[PDB]
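Asker: Just passing along the structure, written as structure tokens.
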Amino acid sequence: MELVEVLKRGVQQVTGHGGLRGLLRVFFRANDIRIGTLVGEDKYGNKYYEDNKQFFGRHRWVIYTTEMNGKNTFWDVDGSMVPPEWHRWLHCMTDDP
Amino acid sequence: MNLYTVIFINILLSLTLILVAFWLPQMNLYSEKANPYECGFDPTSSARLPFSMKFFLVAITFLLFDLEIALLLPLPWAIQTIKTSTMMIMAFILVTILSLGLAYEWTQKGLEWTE
Amino acid sequence: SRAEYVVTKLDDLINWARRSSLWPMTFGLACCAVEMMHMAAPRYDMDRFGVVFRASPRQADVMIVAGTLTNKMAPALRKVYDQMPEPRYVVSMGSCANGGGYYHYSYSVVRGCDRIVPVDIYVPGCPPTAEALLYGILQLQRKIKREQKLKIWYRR
Amino acid sequence: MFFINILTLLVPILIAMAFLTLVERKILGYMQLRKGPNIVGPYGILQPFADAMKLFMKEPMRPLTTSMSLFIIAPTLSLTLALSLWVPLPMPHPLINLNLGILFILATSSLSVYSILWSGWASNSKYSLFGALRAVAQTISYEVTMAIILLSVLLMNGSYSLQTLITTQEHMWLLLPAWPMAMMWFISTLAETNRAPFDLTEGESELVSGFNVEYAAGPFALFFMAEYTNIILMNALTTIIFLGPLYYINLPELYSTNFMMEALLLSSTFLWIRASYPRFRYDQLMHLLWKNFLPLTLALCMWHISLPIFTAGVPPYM
Amino acid sequence: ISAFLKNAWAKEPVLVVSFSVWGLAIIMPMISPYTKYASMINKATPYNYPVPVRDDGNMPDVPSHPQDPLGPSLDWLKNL
Amino acid sequence: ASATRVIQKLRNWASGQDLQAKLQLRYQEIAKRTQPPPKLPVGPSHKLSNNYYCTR
Amino acid sequence: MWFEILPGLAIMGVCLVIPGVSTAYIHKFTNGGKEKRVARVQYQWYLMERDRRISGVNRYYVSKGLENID
Amino acid sequence: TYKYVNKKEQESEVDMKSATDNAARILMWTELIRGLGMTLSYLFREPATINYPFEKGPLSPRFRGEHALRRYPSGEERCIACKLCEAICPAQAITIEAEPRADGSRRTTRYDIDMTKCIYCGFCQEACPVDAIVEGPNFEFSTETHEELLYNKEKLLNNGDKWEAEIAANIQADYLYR
Amino acid sequence: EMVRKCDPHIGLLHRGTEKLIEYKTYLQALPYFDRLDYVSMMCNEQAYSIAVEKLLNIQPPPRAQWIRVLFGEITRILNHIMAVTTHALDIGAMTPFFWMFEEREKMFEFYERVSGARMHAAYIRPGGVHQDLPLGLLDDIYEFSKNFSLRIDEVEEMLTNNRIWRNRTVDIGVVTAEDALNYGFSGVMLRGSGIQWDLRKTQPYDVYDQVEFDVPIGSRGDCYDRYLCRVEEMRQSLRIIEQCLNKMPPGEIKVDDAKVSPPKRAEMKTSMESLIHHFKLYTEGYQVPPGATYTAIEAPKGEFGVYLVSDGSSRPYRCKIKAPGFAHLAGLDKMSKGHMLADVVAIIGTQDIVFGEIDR
Ligand SMILES: CCCCCCCCCCCCCCCCCC(=O)OC[C@H](COP(=O)(O)OCCN)OC(=O)CCCCCCCCCCCCCCCCC
Ligand SMILES: CS(=O)(=O)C1CCN(c2cccc(Cn3cc(-c4nc(-c5ccc(OC(F)(F)F)cc5)no4)ccc3=O)c2)CC1
Ligand code: SF4
Ligand code: SF4
Ligand code: SF4
């Protein structure tokens, strides 16, 4: 029972990131694969997701893009790649994206 | 021969590790680095001075207890003997005398450390 | 099978090791040590990144100058740094360590730890948010990503 | 073929030491409400290799106050013995069948202390000497009860051989008749390894690192891996003596499987305990082992001397 | 005295148990009916060869063959 | 909350407390990040009569 | 969550299972599909040397049965 | 009022049940098993660890991090070289030199902040009567060089031109509480 | 390893605070009291503000006082967390640190919301507080306080009834009441010995005397009784926070006297008098009539006091900080007599030592 439902959630997580290539992309450049709603995508390619069922520090997150002003950011990412429009939101200073 | 083989293999593994630890990395040696560590400041003396021992009596006692253990270890064989009453009696006497010595030390405060 | 390519990949490996395993030193002087702790706390798990506080300089790889550096303490700091084995990095945490900070014009403060030791990264704040200190740790990780030592040896 | 068997016994033990450091970190993290390494690799399966490679890439230290000979010998010996204690172990078939395997274990373990002693003395630093003397006290404390516990257990096995315990437990664990001795042996193995609550030889809160304080990357790695190997070794000893895997001569693989399960359980318990408790004071360890464990140990030794007699249950000599 | 034993069982039960087990180890052999069998078993084991004797013709109590019904039987050990 | 009726029982027994009712994490039981605007009040010395600083 | 720990535990479990199975299979492969004979007392060693000698090749695990008494 | 923490102990009454309970506690290690159980419970809880730098720690509009000089919506600078910010800056981190701009307005030529002296106290933005100097939310501005942390007028102006979309909203939120 | 003498060599963190302060104004000097004891900040701000208000002869308003008490008790909880957990770490137990710092982070969030800083909030100021509470903060404080007791219970389960913690903290570092008074102890170092003294019931300094709470008292002046006193003081801080939440009055937050506390922005930008007063308070400051006070509060470490001398100027002529920890550390050689190294660690811990106030 319960294990069946948690395993189905895990299968949704594994399969709900594009395919295998995207799953591995996210797992190896973000170290987490949990799935959440999409809020927006900035001109720099950074995607912003939301899942309010998680706890406070984990209900909003980002997937930094691979290229930002000529810097290959597939591996080398930093929090400074977040524009201000989304800074005030991601840092939970506002409930309004 | 196989025990020798295994143990020498382990010697060689350890020594290889130490060799490649002492000859692979880049070094930059100077006195302030190679000097002893005493929490940021300079030692007031050498560590080769008498470091008093407060459990010396307990260590001395540990010697004799180790010997009593050496005398207790042949029991697995002593129990295969026809004279079983003698083995039983001697083992009981040995352990009892050991415990009595320990109790005398305890009471006379030998197991407690000099302060 | 070019030796230059092989050396670049080997250096990538060297830096990956020295980077994903950064053992700092339990060296906290003032308030900023509290944010250091908080960066060791659940919300920001250091070990998650491979970071581990070892108390002996002979085992550490980086030292975070987490607070004010007085003239009575500078000799000990330089001694500890000297005792850390190369490769050794340094991180200045706060405004006291960078330039003396709120005590810059005092008679018992060195106006910057960069006078006593060489500093790789400066983390501003009074105190720096533990998130900021983590940002600095990762900035250091990248700086290490860009050491290119064996390429230099091969070019010599 | 024997060298291939040496490899199949050695390289997995080192991989297991590495992933034991991993499991230690992750278990302690989740107990501390944190994750533990998940960045370096998938769920952190590369952090140990990173640490080891980084250490063997660092500048080692050849201080000015040290006796370099012992300073270098001690870690060699530590690692050597940590790897040599694994040879006479039946899983269920050992690489070296010794009749006096228990005594080999005892002697090699009592010898591994001289690595700490000589390291701390050579280093020629006060904290190193303190760690060395604390190791002296710790050994003087636990070594008395170790052998008597072990003898009292073996008096139903019939020999010091590690392969007769398998036929002894063929029907029922040795924990039921000897769970007091099992508890005392567990804590004494906890002490033999200088492991919490008995992490006094390297007590970071009193002695910055103890005998390691002057040691650097490579030799320090040797010390550390020797520690984390002896951990698994003592867990395997507990689970070969007091816990008995299923031995069916046509199925030794099941024996190895259950042995591994129990060893993992006991090691995870070691980590649990490190996470759950404060640290002793090294006089209280002596007082414990000499006032609560030694009297009871003698009483139980006499009890197990008599039990085979008034039960007619004397074991056989082969 | 009961109060002393009681406050010891509360305070220092380890020594109480130690003395009790000491006494039981010393006593139970005097109590059991299976104590006599230890030496009998350790004697029944043929760690050496049973050197035979010369048939002088005056050994009626001694057997001419293992399966000859004479000598010590081990039934007491076959069903014990 | 993500727990599944069995881990919850296990940890409540191990700890001896009803943890599920008291969690170390904040699940929507917290004030929002976007509050309405306030209208702060004023103190007593905001009058227009019998307010001379020589008295107060 | 806590189940993020099973990878390391499984790796170490495999690594701790390998030694025993390897020793057993190698003993079988080297001692003629049999368990390595244990010599705890001199009698067993005598038996093994007898077997070594009678076996055409000096190896104790080549068992010679009733095919070799006529 | 007061209470006792370790004087609760009253006169001694002892039974066989109490003695046996204390004996089991001393022999089976009851109280330690409970700590083991607590640590176990924590193993099966959700860790509070966030996945930085992807998901980040919360903050509030009042957060005072990196400094920036703002402008009026027309593009004109808000600073008028009144020098309250450097008059109160308790670290003496601000440095100002004013001069009549060609159009005659009162403006600065120098406006420097040693961010190695700033204690990030906020006095400058509560002293500024034109809401020009602010302490923005950005805290991820570490450097590899000490010199980079000595901001001038151009750096602060660029920061203002970089974060205005956030600074202005946080102000709009917090300016009634002041 | 038996100790025969302890010679504490403080001064590795002296900074000249008491001189820079002379070179600053009062507001311009407030943050030093945050930077002094960096785990009990608001209490130091509160002592400084109370002294300056005494010298000014003004009374902060009710709401500001209630907020001061609220955050003072929150800081008591912070500091007792830090003390107990570093004590344990230095003794071996490491998990309580991680369990309770997740709560310290939430209280830092409270700080940040109300001030903008997590740690050094120059929030408590002469006249009250800089800025009113933001909507929705008391609810979160309630949600935190309704659960914190459970974490205290977990920690106590790890420590209180554990024979190892006891063997490490029992009969260790004993202090007699008369020796404590003489050596100049204050707070837990005084109560654990059985002395009935608390500057919140005696010499109250805020709405204390409007809020009920119990003082925990020890019998054996050992590290164990002090640890228990600290745990129970945290529980009583919860008891106090409950009342501060339920009964918090409406009104203003800073004295309605714009020659001490600056005026609001909207009034500065339309009123001439308020603009003048803002300009002057933020460039020159407020002149303080001459005199000298010694104001002391019950900081979580003990009696924290400031002797503040004033000319008729905007800058203090002399400001000494009396730190709880100076005398506590001076008493180490005595409390360590007949003990070992690990015991000396335990004793360093049971004093709740911070050196920003000792060396300052
Ligand atoms: C007819 C019967 C005949 C047979 C005779 C035998 C009869 C049964 C007798 C049963 C006796 C009980 C078993 C004996 C073991 C316990 C020994 C003991 O009680 O030591 C207690 C000791 C002192 O505790 P303390 O509270 O300080 O009291 C001091 C005295 N005033 O403190 C201690 O020693 C314990 C403290 C150790 C702390 C280290 C961490 C412990 C970790 C706990 C892990 C538990 C998991 C066990 C796993 C075992 C699996 C192998
Ligand atoms: C606050 S806490 O409770 O969280 C606290 C708990 C304890 N903790 C912890 C536990 C385990 C390890 C470490 C990292 N660590 C690793 C090494 C060290 N490791 C190897 C090594 C060699 C060969 C190996 O295998 C192979 F390479 F294949 F051969 C693998 C490894 N050498 O050195 C030495 C020192 C050290 O601190 C840290 C985290 C923090
Ligand atoms: S920079 Fe600020 S927080 Fe850091 S040590 Fe200095 S005064 Fe304390
Ligand atoms: S925040 Fe404070 S210290 Fe920093 S520049 Fe502004 S007034 Fe100066
Ligand atoms: S307070 Fe504002 S307007 Fe005045 S000088 Fe400073 S930045 Fe310019």
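Residues are named by chain letter and number: chains run A, B, ... in the order of the structure tokens, numbers start at 1 in each chain, and ligands are numbered from 1 in the order shown.
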Identify all chain D residues at most 12 Å from chain I by counting only C-alpha atoms; ligands do not count. Present them as number ranges by chain.

Answerer: D: 27-35, 126-127, 129-131, 133-134, 195-200, 202-208, 272-285, 287-288

Asker: The selected residues should be written to file as a CSV table (one decimal), in the first residue's frame (atoms: C-alpha atoms).

Answerer:
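Final output, saved to out.csv:
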```csv
chain,number,residue,atom,x,y,z
D,27,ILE,CA,23.6,8.8,9.1
D,28,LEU,CA,24.9,11.4,11.5
D,29,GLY,CA,23.5,14.1,9.2
D,30,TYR,CA,20.0,12.7,9.0
D,31,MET,CA,20.1,12.2,12.8
D,32,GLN,CA,21.2,15.9,13.0
D,33,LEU,CA,18.4,16.9,10.7
D,34,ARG,CA,20.8,17.4,7.8
D,35,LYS,CA,21.5,15.5,4.6
D,126,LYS,CA,52.2,17.9,24.2
D,127,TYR,CA,48.8,17.0,22.8
D,129,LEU,CA,51.8,12.8,24.2
D,130,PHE,CA,48.5,13.3,25.9
D,131,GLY,CA,46.7,11.2,23.3
D,133,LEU,CA,49.0,8.3,27.5
D,134,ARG,CA,45.2,8.3,27.1
D,195,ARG,CA,35.4,5.2,19.2
D,196,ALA,CA,32.8,7.3,20.9
D,197,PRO,CA,31.9,7.6,23.7
D,198,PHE,CA,35.6,6.5,24.0
D,199,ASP,CA,37.0,8.8,21.4
D,200,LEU,CA,39.6,10.0,24.0
D,202,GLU,CA,41.8,12.0,19.5
D,203,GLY,CA,39.4,14.0,21.7
D,204,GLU,CA,38.9,17.2,19.7
D,205,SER,CA,37.4,19.0,22.7
D,206,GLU,CA,40.3,18.5,25.0
D,207,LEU,CA,43.2,17.5,22.6
D,208,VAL,CA,43.0,19.2,19.2
D,272,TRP,CA,24.2,5.8,16.1
D,273,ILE,CA,26.1,5.7,19.4
D,274,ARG,CA,28.7,8.3,18.3
D,275,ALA,CA,25.7,10.5,17.4
D,276,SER,CA,23.7,9.8,20.6
D,277,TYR,CA,26.1,10.2,23.5
D,278,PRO,CA,28.7,12.6,25.1
D,279,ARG,CA,32.3,11.6,25.7
D,280,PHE,CA,33.7,9.9,28.8
D,281,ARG,CA,36.5,11.1,31.0
D,282,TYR,CA,39.4,8.7,30.7
D,283,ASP,CA,39.4,8.0,34.4
D,284,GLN,CA,35.7,7.0,34.4
D,285,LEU,CA,36.5,4.5,31.7
D,287,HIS,CA,36.5,2.9,36.9
D,288,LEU,CA,33.8,1.4,34.7
```

Asker: All residues within 7 Å of ligand 4 are required, counting only C-alpha atoms and all ligand atoms; please report them as a ChimeraX atom specification.

Answerer: /H:85-86,88-94,113,117-125,135

Asker: Would you export the selected residues with N, CA and C atoms as a PDB file, in the first residue's frame, please?

Answerer:
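The file below, again_28.pdb, is the result:
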```pdb
ATOM      1  N   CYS H  85      24.623  60.940   5.809  1.00  0.00           N
ATOM      2  CA  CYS H  85      25.040  59.546   5.743  1.00  0.00           C
ATOM      3  C   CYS H  85      26.458  59.361   6.262  1.00  0.00           C
ATOM      4  N   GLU H  86      27.367  60.270   5.918  1.00  0.00           N
ATOM      5  CA  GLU H  86      28.729  60.174   6.418  1.00  0.00           C
ATOM      6  C   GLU H  86      28.885  60.814   7.783  1.00  0.00           C
ATOM      7  N   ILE H  88      26.753  60.370  10.247  1.00  0.00           N
ATOM      8  CA  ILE H  88      26.347  59.377  11.231  1.00  0.00           C
ATOM      9  C   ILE H  88      27.029  58.027  11.049  1.00  0.00           C
ATOM     10  N   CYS H  89      27.504  57.705   9.846  1.00  0.00           N
ATOM     11  CA  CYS H  89      28.079  56.391   9.596  1.00  0.00           C
ATOM     12  C   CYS H  89      29.060  56.069  10.713  1.00  0.00           C
ATOM     13  N   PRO H  90      28.693  55.191  11.650  1.00  0.00           N
ATOM     14  CA  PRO H  90      29.531  54.987  12.836  1.00  0.00           C
ATOM     15  C   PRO H  90      30.833  54.269  12.550  1.00  0.00           C
ATOM     16  N   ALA H  91      31.057  53.841  11.312  1.00  0.00           N
ATOM     17  CA  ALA H  91      32.311  53.237  10.898  1.00  0.00           C
ATOM     18  C   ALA H  91      33.180  54.187  10.090  1.00  0.00           C
ATOM     19  N   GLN H  92      32.708  55.402   9.826  1.00  0.00           N
ATOM     20  CA  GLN H  92      33.421  56.355   8.984  1.00  0.00           C
ATOM     21  C   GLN H  92      33.828  55.697   7.671  1.00  0.00           C
ATOM     22  N   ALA H  93      32.846  55.083   7.020  1.00  0.00           N
ATOM     23  CA  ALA H  93      33.064  54.393   5.761  1.00  0.00           C
ATOM     24  C   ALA H  93      32.703  55.230   4.547  1.00  0.00           C
ATOM     25  N   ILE H  94      31.901  56.262   4.720  1.00  0.00           N
ATOM     26  CA  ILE H  94      31.427  57.069   3.606  1.00  0.00           C
ATOM     27  C   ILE H  94      32.329  58.281   3.448  1.00  0.00           C
ATOM     28  N   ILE H 113      32.355  54.301  -0.461  1.00  0.00           N
ATOM     29  CA  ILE H 113      31.988  53.496   0.692  1.00  0.00           C
ATOM     30  C   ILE H 113      32.970  52.343   0.785  1.00  0.00           C
ATOM     31  N   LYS H 117      34.586  48.636   5.900  1.00  0.00           N
ATOM     32  CA  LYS H 117      34.300  49.389   7.111  1.00  0.00           C
ATOM     33  C   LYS H 117      32.820  49.422   7.456  1.00  0.00           C
ATOM     34  N   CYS H 118      31.942  49.382   6.459  1.00  0.00           N
ATOM     35  CA  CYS H 118      30.513  49.330   6.724  1.00  0.00           C
ATOM     36  C   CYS H 118      30.183  48.162   7.640  1.00  0.00           C
ATOM     37  N   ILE H 119      29.375  48.441   8.660  1.00  0.00           N
ATOM     38  CA  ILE H 119      28.834  47.408   9.530  1.00  0.00           C
ATOM     39  C   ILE H 119      27.417  47.029   9.132  1.00  0.00           C
ATOM     40  N   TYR H 120      26.923  47.574   8.028  1.00  0.00           N
ATOM     41  CA  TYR H 120      25.600  47.259   7.521  1.00  0.00           C
ATOM     42  C   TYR H 120      24.549  47.473   8.607  1.00  0.00           C
ATOM     43  N   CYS H 121      24.471  48.728   9.046  1.00  0.00           N
ATOM     44  CA  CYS H 121      23.606  49.130  10.139  1.00  0.00           C
ATOM     45  C   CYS H 121      22.328  49.806   9.670  1.00  0.00           C
ATOM     46  N   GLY H 122      22.338  50.411   8.489  1.00  0.00           N
ATOM     47  CA  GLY H 122      21.157  51.025   7.931  1.00  0.00           C
ATOM     48  C   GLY H 122      20.957  52.480   8.283  1.00  0.00           C
ATOM     49  N   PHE H 123      21.849  53.072   9.077  1.00  0.00           N
ATOM     50  CA  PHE H 123      21.649  54.448   9.514  1.00  0.00           C
ATOM     51  C   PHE H 123      21.644  55.414   8.339  1.00  0.00           C
ATOM     52  N   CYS H 124      22.379  55.092   7.276  1.00  0.00           N
ATOM     53  CA  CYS H 124      22.489  56.001   6.142  1.00  0.00           C
ATOM     54  C   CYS H 124      21.177  56.108   5.374  1.00  0.00           C
ATOM     55  N   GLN H 125      20.432  55.008   5.240  1.00  0.00           N
ATOM     56  CA  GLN H 125      19.190  55.065   4.480  1.00  0.00           C
ATOM     57  C   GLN H 125      18.028  55.601   5.298  1.00  0.00           C
ATOM     58  N   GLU H 135      20.282  50.246   1.470  1.00  0.00           N
ATOM     59  CA  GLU H 135      21.021  49.014   1.690  1.00  0.00           C
ATOM     60  C   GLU H 135      20.188  47.894   1.078  1.00  0.00           C
TER      61      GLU H 135
END
```

Asker: Could you list, as a tab-separated table (two decimals) with N, CA, C and O atoms, in the first residue's frame, the residues of chain G having an atom within 10 Å of chain H when counting only C-alpha atoms?

Answerer:
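Ended up saving to part.tsv:
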```
chain	number	residue	atom	x	y	z
G	1	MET	N	15.62	11.98	1.61
G	1	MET	CA	15.22	11.45	2.94
G	1	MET	C	16.11	10.27	3.34
G	1	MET	O	17.08	9.96	2.66
G	2	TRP	N	15.77	9.63	4.46
G	2	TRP	CA	16.60	8.57	5.01
G	2	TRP	C	16.95	7.51	3.98
G	2	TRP	O	17.99	6.85	4.09
G	3	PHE	N	16.10	7.32	2.97
G	3	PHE	CA	16.37	6.32	1.95
G	3	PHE	C	17.41	6.78	0.94
G	3	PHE	O	17.71	6.03	0.00
```

Asker: Just the residues within 10 Å of region 2-4 of chain F, please, counting only C-alpha atoms, with nothing from its chain fewer than 6 positions along; format it as a list in words.

Answerer: residues 1, 2, 3, 5, 6, 53 and 54 of chain A; 20 of chain F; 44, 45 and 46 of chain H

Asker: Could you write out the selected residues, including C-alpha atoms, as an mmCIF file, in the first residue's frame?

Answerer:
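Contents of out25.cif, as written:
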```cif
data_model
loop_
_atom_site.group_PDB
_atom_site.id
_atom_site.type_symbol
_atom_site.label_atom_id
_atom_site.label_comp_id
_atom_site.auth_asym_id
_atom_site.auth_seq_id
_atom_site.Cartn_x
_atom_site.Cartn_y
_atom_site.Cartn_z
ATOM 1 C CA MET A 1 0.000 0.000 0.000
ATOM 2 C CA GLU A 2 1.726 3.178 1.260
ATOM 3 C CA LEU A 3 4.960 1.990 -0.311
ATOM 4 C CA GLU A 5 2.020 5.303 -3.506
ATOM 5 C CA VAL A 6 5.457 6.603 -2.545
ATOM 6 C CA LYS A 53 3.338 21.183 -0.269
ATOM 7 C CA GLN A 54 7.039 21.275 0.606
ATOM 8 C CA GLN F 20 3.312 15.049 13.764
ATOM 9 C CA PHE H 44 13.157 9.295 9.846
ATOM 10 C CA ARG H 45 12.304 13.019 9.783
ATOM 11 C CA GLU H 46 12.614 15.442 6.902
#
```

Asker: Using only C-alpha atoms, pick whichever of C:17, C:55, C:137, C:80 has the shortest atom-to-atom distance to chain A.

Answerer: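 Of C:17, C:55, C:137, C:80, the one nearest chain A, counting only C-alpha atoms, is C:137.
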
Asker: Determine, for each residue of chain C having at least one atom at most 9 Å from an atom of chain A, the closest pair of atoms and their separation in Å to one decimal, counting only C-alpha atoms; order by chain and ascending number, as JSON lines.

Answerer:
```
{"residue": "C:43", "atom": "CA", "partner": "A:57", "partner_atom": "CA", "distance": 8.3}
{"residue": "C:135", "atom": "CA", "partner": "A:78", "partner_atom": "CA", "distance": 7.3}
{"residue": "C:138", "atom": "CA", "partner": "A:78", "partner_atom": "CA", "distance": 7.9}
{"residue": "C:139", "atom": "CA", "partner": "A:78", "partner_atom": "CA", "distance": 8.2}
{"residue": "C:142", "atom": "CA", "partner": "A:76", "partner_atom": "CA", "distance": 7.3}
```

Asker: Let's have the selection written as a short mmCIF file (atom, residue, chain, number, x, y, z; two decimals), in the first residue's frame, with N, CA and C atoms.

Answerer:
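That gives us result-v1.cif:
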```
data_model
loop_
_atom_site.label_atom_id
_atom_site.label_comp_id
_atom_site.auth_asym_id
_atom_site.auth_seq_id
_atom_site.Cartn_x
_atom_site.Cartn_y
_atom_site.Cartn_z
N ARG C 43 19.99 23.86 7.84
CA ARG C 43 19.52 24.62 6.69
C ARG C 43 20.59 24.69 5.61
N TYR C 135 28.11 31.17 -0.48
CA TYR C 135 28.44 31.73 -1.79
C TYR C 135 29.94 31.91 -1.94
N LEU C 138 31.72 28.58 -2.45
CA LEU C 138 31.60 28.09 -3.82
C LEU C 138 32.42 28.92 -4.80
N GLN C 139 32.49 30.23 -4.58
CA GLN C 139 33.42 31.07 -5.33
C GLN C 139 34.84 30.53 -5.23
N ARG C 142 35.25 27.46 -7.36
CA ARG C 142 35.48 27.78 -8.76
C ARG C 142 36.90 28.28 -8.99
#
```

Asker: For residue 30 (chain I), please output as number ranges by chain all residues within 8 Å (counting only C-alpha atoms; exclusion window: fewer than 6 positions along the same chain).

Answerer: I: 45, 48, 122, 125

Asker: Could you please take those selected residues and save N, CA and C atoms as a CSV table (one decimal), in the first residue's frame?

Answerer:
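Just written: part_21.csv:
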```csv
chain,number,residue,atom,x,y,z
I,45,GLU,N,21.8,46.2,23.8
I,45,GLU,CA,21.1,47.4,23.3
I,45,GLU,C,20.1,47.9,24.4
I,48,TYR,N,22.0,49.7,27.3
I,48,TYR,CA,22.5,51.0,26.8
I,48,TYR,C,21.3,52.0,26.7
I,122,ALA,N,20.4,46.8,15.2
I,122,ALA,CA,20.4,48.0,16.0
I,122,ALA,C,18.9,48.5,16.1
I,125,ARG,N,16.6,51.1,20.8
I,125,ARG,CA,17.3,52.4,20.8
I,125,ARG,C,16.7,53.3,21.9
```

Asker: If you count only C-alpha atoms and all ligand atoms, which residues end up within 10 Å of ligand 3, as a PyMOL selection string?

Answerer: (chain C and resi 28-35+65-69+92-103+123-129) or (chain H and resi 116-121) or (chain I and resi 31-32+34-38+119-120+356)

Asker: If we count only C-alpha atoms and set the cut-off at 10 Å, which residues sit around residue 111 (chain H), ignoring sequence neighbours fewer than 4 positions away in its own chain? Please answer as a list in words.

Answerer: residues 69, 79, 81, 83, 86, 94, 95, 96, 97, 98, 151, 152, 153, 154, 155, 156 and 157 of chain H

Asker: May I ask you to write as a PDB file with C-alpha atoms, in the first residue's frame all residues lying at most 7 Å from ligand 1, with only C-alpha atoms and all ligand atoms counted?

Answerer:
```pdb
ATOM      1  CA  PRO D 180      25.814  -9.999  29.421  1.00  0.00           C
ATOM      2  CA  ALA D 182      27.966  -9.785  24.644  1.00  0.00           C
ATOM      3  CA  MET D 183      27.096  -6.344  26.019  1.00  0.00           C
ATOM      4  CA  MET D 184      30.426  -5.979  27.808  1.00  0.00           C
ATOM      5  CA  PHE D 186      30.364  -4.653  22.597  1.00  0.00           C
ATOM      6  CA  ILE D 187      31.401  -1.749  24.810  1.00  0.00           C
ATOM      7  CA  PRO D 197      31.918   7.551  23.683  1.00  0.00           C
ATOM      8  CA  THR D 238      30.685  -9.742  17.341  1.00  0.00           C
ATOM      9  CA  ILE D 273      26.132   5.689  19.381  1.00  0.00           C
ATOM     10  CA  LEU D 288      33.830   1.389  34.716  1.00  0.00           C
ATOM     11  CA  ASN D 292      31.395  -2.995  36.966  1.00  0.00           C
ATOM     12  CA  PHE D 293      32.762  -5.167  34.162  1.00  0.00           C
ATOM     13  CA  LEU D 300      30.501 -15.100  34.679  1.00  0.00           C
ATOM     14  CA  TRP D 303      29.640 -19.551  35.957  1.00  0.00           C
TER      15      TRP D 303
ATOM     16  CA  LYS E  11      22.617   1.359  44.425  1.00  0.00           C
ATOM     17  CA  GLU E  12      25.315  -1.212  43.533  1.00  0.00           C
ATOM     18  CA  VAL E  14      26.626  -5.159  39.919  1.00  0.00           C
ATOM     19  CA  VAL E  17      24.961 -10.057  40.909  1.00  0.00           C
ATOM     20  CA  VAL E  21      26.781 -15.778  40.433  1.00  0.00           C
TER      21      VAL E  21
ATOM     22  CA  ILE H  26      21.650   0.521  35.875  1.00  0.00           C
ATOM     23  CA  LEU H  27      22.135  -2.890  34.223  1.00  0.00           C
ATOM     24  CA  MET H  28      20.143  -2.676  30.973  1.00  0.00           C
ATOM     25  CA  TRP H  29      21.017   0.968  30.232  1.00  0.00           C
ATOM     26  CA  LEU H  32      20.614   5.596  27.105  1.00  0.00           C
ATOM     27  CA  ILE H  33      18.260   3.524  24.958  1.00  0.00           C
TER      28      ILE H  33
ATOM     29  CA  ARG I 163      24.715   8.916  33.421  1.00  0.00           C
TER      30      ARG I 163
END
```

Asker: As an exercise, work out the distance from CA of residue 65 (chain E) to CA of residue 52 (chain E) in Å and give it to one decimal place.

Answerer: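 CA of residue 52 (chain E) lies 10.3 Å from CA of residue 65 (chain E).
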
Asker: Could you state the separation of CA of residue 216 (chain D) and atom 34 (C, counted along the ligand's line) of ligand 2 in Å, given to one decimal place?

Answerer: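 Separation of CA of residue 216 (chain D) and atom 34 (C, counted along the ligand's line) of ligand 2: 9.9 Å.
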
Asker: Identify, with DSSP run on backbone atoms, the residues in region 60-176 of chain H assigned to alpha helix (DSSP H), and express the list as a ChimeraX atom specification.

Answerer: /H:84-88,123-127,153-174

Asker: Residues of chain A within 7 Å of chain F, counting only C-alpha atoms, what are they? List them as JSON, numbers by chain.

Answerer: {"A": [2, 54, 55, 56, 92, 93, 94, 95]}
